[PDB]
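Listed next as structure tokens is one chain, alone, in the form deposited in one PDB entry.
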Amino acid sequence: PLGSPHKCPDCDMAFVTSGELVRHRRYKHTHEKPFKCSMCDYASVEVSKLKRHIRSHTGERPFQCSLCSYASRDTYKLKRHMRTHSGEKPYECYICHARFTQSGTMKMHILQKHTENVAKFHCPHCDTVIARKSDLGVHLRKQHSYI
């Protein structure tokens, strides 16, 4: 924000409250992660990130879809899932204007369709070049009996 009073003494960012600067410095500069999982080595800057992480250990899925049986561990994942029902495609490739349901899909599109000289994968068993690593995985399972 323009007049944000709390300037970071280590980068160009500034914040409206000192609490926001404190948290930003923990994330980006000092890396103090006060909140520690008791079941693995995970630790986080914010407690809410620990709580979300714990749901991966327990399987808790608090956020139920009202149109199907899906339920998520994170409110945003449910909002992302609702795009499968609405057909919303919020992301647009600035180069060719194709639209996508997720931002990562769009980034991958730009890598595969609008980027010069991208390194490709190669099947060693049949001498086929494959663009995406996951499609090399599929090829190995489908054509070379990877179990």
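All residue numbers are counted from 1 along the displayed sequence.
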Selected stretch [higher average CA B-factor]: 31 to 39 or 64 to 72 = 31 to 39
Quick note on 108 to 116 and 89 to 97: per-entry mean CA temperature factor is higher in 89 to 97
Among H122, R26, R80, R52, highest Cα B-factor in the entry goes to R26
Temperature factor at the Cα of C126, chain-ranked in thirds, falls in the middle
Ranked C-alpha temperature factor of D135 among modelled chain residues, by third = lowest
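One more form of this protein exists, namely the form deposited in another entry; it is left out here, but the text below deals with it.
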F100/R73 same rigid segment between this form and the one not shown = yes
